[PDB]
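Each chain gets a letter, A, B and so on, in the order the sequences are listed, and its residues count up from 1. Any value given below was found using the heavy atoms of this structure, including those in side chains, with hydrogens, waters and symmetry copies removed.
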Amino acid sequence: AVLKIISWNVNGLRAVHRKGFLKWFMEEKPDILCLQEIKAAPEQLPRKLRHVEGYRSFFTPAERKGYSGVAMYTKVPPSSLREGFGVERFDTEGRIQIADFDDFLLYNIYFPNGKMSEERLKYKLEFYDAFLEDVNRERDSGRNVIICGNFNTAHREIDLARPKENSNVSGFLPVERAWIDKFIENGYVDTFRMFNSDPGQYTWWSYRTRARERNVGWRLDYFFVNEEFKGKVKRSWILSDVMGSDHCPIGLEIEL
DNA sequence: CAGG
DNA sequence: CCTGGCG
């Protein structure tokens with residue numbers, strides 16, 4: 001029994017609903033759908049998005065309206081859902097869903113963007129620190145974990161079309177890049193790179209200069225698992241053809 | 001406008 | 001570029 005999970009930074013769920021989100025959702029038929037950057041509290045949503053056929057839905061909006069926020073739809077409900085790491089400033093931004101299924105915890109995370117200021121870059125970095133602490137504590141206790149979402153960082157030079165020009169841009173800073181290295185050596189696998197070693201694999205493209213039609217992008221969106229669980233991951237792929245956002249969806253198939 |  | 005309070 002393959003379990004299919006999809007992660008998609010929709011950048012406005014209302015927007016993506018106007019562009020055929022539900023029709024796509026319906027034909028893709030994942031067991032779990034994780035969304036990031038919803039930009040909506042549930043009360044602001046068309047009610048068709050709040051009552052989807054065959055799915056439990058959970059929304060974790062930001063305190064600031066039309067900003068950030070994450071969501072999850074799941075055929076099988078989780079036994080619990082956490083919306084924070086237990087640190088106020090990281091828990092108030094609609095950035096975290098940690099859902100408990102029997103066999104694993106699923107982290108659906110919208111990691112912060114650091115481009116706006118030094119203050120937000122710090123925030124990004126410390127959020128990473130709080131995140132790593134949290135996941136380590138969980139897998140240390142013997143839990144197997146799946147982590148998807150917008151990390152807002154391209155790991156290596158191969159993970160973006162233009163590495164050289166972005167050395168001094170948040171998204172490809174040596175400090176952000178080293179954190180992913182750190183995160184990985186803590187015992188986690190970048191599951192896409194388990195199966196695909198090719199360049200040109202991106203999940204985000206600038207709307208400006210129409211970067212997507214030339215594949216001038218970044219791989220900002222990932223599925224990670226803890227090392228002990230990697231033998232369960234069957235497929236890890238990018239849904240490059242799917243439109244409606246400046247990010248595309250990514251997929252994971254595990255079999256338990 | 002702010003955020004990305 | 002695209003999304004999401006004016007007044």
Atom-to-atom span, OH of A:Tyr123 to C1' of B:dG3 - whole angstrom: 14 Å
Ring centroid separation A:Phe104 to A:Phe101 under 6.0 Å: yes
Mutual orientation of the aromatic rings belonging to A:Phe111 and A:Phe131 [parallel < 30°, tilted 30-60°, perpendicular > 60°]: perpendicular
Ring centre gap for A:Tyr222 and A:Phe151 strictly below 6.0 Å: yes
Whether A:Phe90 and A:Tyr123 hold their rings parallel, tilted or perpendicular, with breakpoints at 30° and 60°: tilted
Under the side chain to side chain donor-acceptor pair (under 3.5 Å) test, residues paired with A:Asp103 that sit two or more places apart: none
Donor-acceptor side-chain pairing of A:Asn186 and A:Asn136 below 3.5 angstrom: yes
Rounded distance (Å) that lies between atom P of B:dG4 and atom CH2 of A:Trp218: 15 Å
DNA chain C: stems of at least 3 consecutive Watson-Crick or G-U pairs whose donor-acceptor distances fall under 3.5 Å: B:1-4 with C:1-4
Pairing of A:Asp159 and A:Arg177 as salt bridge, 4.0 angstrom limit: no
Length of the line joining A:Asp246:CG and B:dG4:P, which is rounded to integer Å: 12 Å
Distance, rounded to the nearest Å, where A:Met116 contributes CE and B:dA2 contributes P: 9 Å
Rounded interatomic separation in angstrom, taking CH2 from A:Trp204 and P from B:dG3: 17 Å
Sugar-phosphate only, base, or nothing, as touched by A:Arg212 at under 4.0 Å among non-hydrogen atoms: nothing
Gap between atoms CG and P, on A:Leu220 and B:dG4 respectively (whole Å): 13 Å
Check ion pair A:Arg120-A:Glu93 (N to O, under 4.0 angstrom): yes
Contact state string [nucleotides 1-7 of chain C, B base, S sugar-phosphate only, - no protein heavy atom under 4.0 Å]: BSBS---
